[PDB]
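Undergrad: Got a structure for you, written out below as structure tokens; questions coming shortly.
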Amino acid sequence: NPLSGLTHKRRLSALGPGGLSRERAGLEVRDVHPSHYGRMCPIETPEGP
Amino acid sequence: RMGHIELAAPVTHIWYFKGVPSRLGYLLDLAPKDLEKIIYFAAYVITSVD
Amino acid sequence: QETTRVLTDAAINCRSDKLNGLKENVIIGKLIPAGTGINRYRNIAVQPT
Amino acid sequence: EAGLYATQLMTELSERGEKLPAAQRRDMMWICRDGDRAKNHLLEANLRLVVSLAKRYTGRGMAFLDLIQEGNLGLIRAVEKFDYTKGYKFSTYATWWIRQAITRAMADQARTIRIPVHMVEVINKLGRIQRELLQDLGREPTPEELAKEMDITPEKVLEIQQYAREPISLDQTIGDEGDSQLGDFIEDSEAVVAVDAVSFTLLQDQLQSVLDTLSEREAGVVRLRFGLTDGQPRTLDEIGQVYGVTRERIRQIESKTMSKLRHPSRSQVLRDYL
Amino acid sequence: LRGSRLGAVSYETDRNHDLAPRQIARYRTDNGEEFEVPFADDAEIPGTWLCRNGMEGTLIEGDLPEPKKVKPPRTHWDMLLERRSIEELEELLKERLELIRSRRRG
DNA sequence: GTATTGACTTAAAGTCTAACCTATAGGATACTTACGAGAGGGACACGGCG
DNA sequence: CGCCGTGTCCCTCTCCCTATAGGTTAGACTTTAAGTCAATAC
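For the record, the sequence lines run as chains F, C, G, H and X. The opening residue of the first sequence carries number 444 in PDB author numbering; numbering runs sequentially from there. The opening residue of the second sequence carries number 91 in PDB author numbering; numbering runs sequentially from there. The opening residue of the third sequence carries number 1227 in PDB author numbering; numbering runs sequentially from there. The opening residue of the fourth sequence carries number 254 in PDB author numbering; numbering runs sequentially from there. The opening residue of the fifth sequence carries number 6 in PDB author numbering; numbering runs sequentially from there.
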């Protein structure tokens, strides 16, 4: 849908070349630091791994 | 059906040299830090002294 | 688990498997020694009364 | 050179030859061993030269130490054919052999499917030409223009482009990432499809039945002609030899038996197989 | 993503009830190894055979045709010979001989 | 309709010759060192007691 | 002077071009197995 086209862009991904992978990913990076307020939505994240 | 390669020089198996604890090391009472110097052509050994 | 070390020290010991658990009987594809696989039930002679 | 002459001369004098004087014998033994000593010394001296020439051919095709060793082999060949009477530094002559040996071993020992050296050379020349045209002309070289510059036919260029293709591994990406080995997504056309076997056996039994419902010995002549029991067809000479008859009668029998099997009762239980 | 082994499977049915008769030959290497090869009956027997070991073996039957193997392709001596002369090399051998003489006894 | 022989023509093949691949060699001024945790086990250092 | 525990750290497992010589194949010629017809007798 057009919304998925809009939301695939404007997406922040912490994994990739130069970033941590999912096996290297700890639990403390996956939380919501109180500095996310207004800079990154704490609701919308993929539900899988 | 399998094949085989006749090596022109003897070679050592890796599982019995590198995997800790080294089995060549325990069989021959040699340190792996020194066994590596032997089998990779970095240091001599004496096979017989009279 | 730890396939390399188990394999190499078993090769040194020349340890002969006897094929009597529920896993080594699954690996080689023959009938497992549990449930309907044991000789008490696998060798039933059935004739009309 | 003196040591090599000396070993030649002992070999000549060993056969049918001389009870040599002790001092002369001992000292050209010394000369013969010293020739090998001096040789060995020269190779040790110029191994670093071999490394220096092989350092620039890395990054493609082969490993580094393999190239080192082929350079070393070329160095043995160069010290085998070195002449000093021409008064030249050894490196000038030796570089020739080193580069030749390295490029040869690169050519015929760097592909899983071995392409012979002439086709490697034409592939390398085509690649260089298309590379320089990409860099200079900018516009991507079209195959026929590559043939024009290449002074060969476009179909030869297409065959060269086909031959250059190198094999991927079966243990790479599933489609994009290496989650599953690619060899777990390739079908097997050379495999029993398990309906062909049972269908083929049923065809066998039905064809045997329809052949049995035919006439006696003439259905069997058809069976021999198409080789349903022997595995080889054999010709009218052999059918006549085993039966004691001629060949025109065999062909008439073939046509007569063949006419009936086109009629539907025999064909209806056989048509669906084709 | 289809694939093939560059081979073909024939859906033929085993016919062990009759096969073409097969003869058996015994080949021998130089180091006392014996090998049995079931060769075809209506076929020629090559006395020199590449056996299961990998080296060339000959038939235990006595034929010995001796295929006249090739001389060594080129030696260091051949390569020096073509670029110099015999008397030049003899002069160099004399030079080294008198050199080690003058070294030893003075 | 079913049993033949005698010509009568026809498509499919062993062998000689030519070109197009293929294994192989060779090619001199002088150049000489690349570019997360979590647990268990083994080896090396350092200090304590008889 | 002579050997033994504790500690720390490293490592491993889990989730160019030329010249020669020789082998290969493709292509055509003559032979042979093969398909065909015509007359005939029972």
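Each residue gets a CB set at the ideal place from its N, CA and C atoms; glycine is no exception.
Could you give the DSSP three-state label for F/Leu-455: helix, strand or coil?
TA: In the structure shown, F/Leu-455 sits in coil (DSSP, three-state: anything other than H, G, I, E or B).
Undergrad: What does the alpha-carbon distance come out to for the pair X/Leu-55 and X/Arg-33?
TA: Cα-Cα distance, rounded: 10 Å.
Undergrad: So which residues of chain C does G/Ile-1253 contact, with C-beta pairs closer than 9 Å?
TA: What G/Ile-1253 touches in chain C: nothing, since even the nearest Cβ is about 21 Å away.
Undergrad: What is the rounded straight-line gap between the Cα of X/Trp-82 and the Cα of H/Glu-333?
TA: Each residue's Cα considered, the two are about 9 Å apart.
Undergrad: Thinking C-beta only, is H/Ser-442 closer than 9 Å to X/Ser-15?
TA: Going by C-beta atoms, X/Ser-15 is not nearer than 9 Å to H/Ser-442.
Undergrad: Just verifying my parser: in three-state terms, what is the DSSP assignment at X/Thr-53?
TA: Strand at X/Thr-53.
Undergrad: Quick check: what's the CA-CA separation for H/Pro-396 versus H/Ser-422?
TA: If you take the alpha carbons of H/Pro-396 and H/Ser-422, they lie about 28 Å apart.
Undergrad: Identify, in the order they occur along the chain, each residue of the same chain with its Cβ nearer than 6 Å to the Cβ of X/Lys-76, setting aside the five sequence neighbours on each side.
TA: Correct list: empty, nothing qualifies.
Undergrad: Given that C/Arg-91 touches chain G, what residues does it touch there, using C-beta distances under 7 Å?
TA: What C/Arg-91 touches in chain G: nothing, since even the nearest Cβ is about 21 Å away.
Undergrad: Alpha carbon to alpha carbon, what distance is there between H/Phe-343 and F/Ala-457?
TA: Taking the straight line from one Cα to the other gives about 59 Å.
Undergrad: Does the region 317-326 of chain H touch the region 273-292 of chain H, meaning 3 or more C-beta pairs lie closer than 8 Å?
TA: The answer is no - the region 317-326 of chain H does not touch the region 273-292 of chain H, with fewer than three Cβ pairs under 8 Å.
Undergrad: Can you look up X/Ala-30 in the DSSP assignment and give me helix, strand or coil?
TA: In the structure shown, X/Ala-30 sits in a strand (DSSP, three-state: E or B).
Undergrad: One question on the structure: do H/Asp-336 and X/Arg-109 come within less than 9 Å of each other, judged by their Cβ atoms?
TA: Taking 9 Å as the Cβ cut-off, H/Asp-336 and X/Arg-109 do not qualify as a contacting pair.
Undergrad: Is H/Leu-464 closer than 9 Å to H/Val-475 when the C-beta atoms are compared?
TA: A contact, by the Cβ cut-off of 9 Å.
Undergrad: Return the residues of the region 1231-1248 of chain G that lie within a Cβ-Cβ distance of less than 9 Å from chain C, sorted by chain order.
TA: Correct list: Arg-1231, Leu-1233, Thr-1234, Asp-1235, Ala-1237 and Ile-1238.
Undergrad: Between the region 8-41 of chain X and chain H, which residues of the former have a C-beta closer than 8 Å to a C-beta of the latter?
TA: Of all residues in the region 8-41 of chain X, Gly-8, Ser-9, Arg-10, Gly-12, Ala-13, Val-14, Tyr-16, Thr-18 and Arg-20 have a Cβ within less than 8 Å of some Cβ in chain H.
Undergrad: Does any CB atom of chain G fall closer than 9 Å to the CB of C/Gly-115?
TA: Taking Cβ atoms only, chain G never reaches closer than 9 Å to C/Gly-115, which makes this a no.
Undergrad: Name, going along the chain, the residues of the region 333-348 of chain H whose beta-carbon falls closer than 7 Å to a beta-carbon of chain X.
TA: Listed by position, the residues of the region 333-348 of chain H near chain X (Cβ gap below 7 Å) are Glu-333, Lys-334 and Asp-336.
Undergrad: Do H/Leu-523 and H/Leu-460 have their CB atoms nearer than 9 Å?
TA: Result yes, Cβ atoms of H/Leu-523 and H/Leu-460 sit closer than 9 Å.
Undergrad: Any idea which residues DSSP pairs X/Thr-63 with across the strands?
TA: X/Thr-63 is bridged to X/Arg-33 and X/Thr-53.
Undergrad: Grab me the residues of H/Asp-289's own chain with a C-beta within less than 7 Å of its C-beta, minus the 5 sequence neighbours each way, in chain order.
TA: Hits under 7 Å: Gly-256.
Undergrad: Let's see if you can read the secondary structure: which residues bound the beta strand (DSSP E) around X/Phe-40?
TA: From DSSP, the beta strand (DSSP E) with X/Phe-40 extends over 39-42.
Undergrad: Is DSSP giving X/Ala-45 helix, strand or coil here?
TA: If DSSP states are grouped into helix, strand and coil, X/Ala-45 belongs with the strands.
Undergrad: Quick one: measure Cβ to Cβ for X/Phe-40 and X/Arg-57, integer angstroms, because I've assumed they're closer than 8 Å.
TA: Contact flag correct, Cβ pair sits at about 6 Å.
Undergrad: Check whether chain X comes within 9 Å of H/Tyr-416, counting only Cβ atoms and requiring the distance to be less than that.
TA: Judged by the 9 Å Cβ criterion, H/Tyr-416 is not in contact with chain X.
Undergrad: By the criterion of Cβ-Cβ separation under 8 Å, what are the contact partners of H/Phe-453 in chain X?
TA: Under the 8 Å cutoff, chain X gives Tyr-16.
Undergrad: Short of 8 Å in beta carbon distance, which residues of its chain neighbour H/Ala-400, apart from the five on each side in sequence? Order them along the chain.
TA: Excluding residues within five positions, the ones whose Cβ falls inside 8 Å are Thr-406, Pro-407, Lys-409 and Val-410.
Undergrad: Looking only at C-alpha atoms, which of H/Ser-512, H/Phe-453 and H/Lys-339 sits nearest to H/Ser-468?
TA: Checking every option, the nearest Cα to that of H/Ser-468 belongs to H/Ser-512.
Undergrad: Looking at chain X, which residues of the region 447-477 of chain H have a Cβ within less than 9 Å of any of its Cβ atoms?
TA: Taking 9 Å as the Cβ-Cβ cut-off against chain X, the residues of the region 447-477 of chain H that qualify are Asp-449, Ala-450, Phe-453, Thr-454 and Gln-457.
Undergrad: Residues of the region 80-93 of chain X with a CB closer than 8 Å to any CB of chain H: list them in chain order, please.
TA: Those would be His-81, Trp-82, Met-84, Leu-85, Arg-88 and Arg-89, in chain order.
Undergrad: Between the Cα of G/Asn-1239 and those of C/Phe-107, C/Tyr-134, C/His-94 and C/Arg-113, spot the shortest distance and give me the residue it belongs to.
TA: Ranking C/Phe-107, C/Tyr-134, C/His-94 and C/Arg-113 by Cα distance to G/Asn-1239 puts C/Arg-113 first.
Undergrad: I'd like the list of long-range same chain contacts for H/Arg-357, defined as Cβ closer than 8 Å, with 5 residues on each side in sequence excluded.
TA: Closer than 8 Å at the Cβ level, and outside the excluded window around H/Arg-357, lie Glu-323 and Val-370.
Undergrad: Nearest-angstrom Cα distance between C/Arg-91 and H/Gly-497?
TA: Straight-line Cα distance between these residues: approximately 48 Å.
Undergrad: At 8 Å on the CB atoms, spell out the chain X contacts of H/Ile-284, in chain order.
TA: Those are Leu-98, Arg-101, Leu-102 and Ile-105, listed as they occur along chain X.
Undergrad: Do you know whose CA, among X/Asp-47, X/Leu-11 and X/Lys-73, lies nearest X/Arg-27's CA?
TA: Ranking the options by Cα distance to X/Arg-27, first place goes to X/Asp-47.
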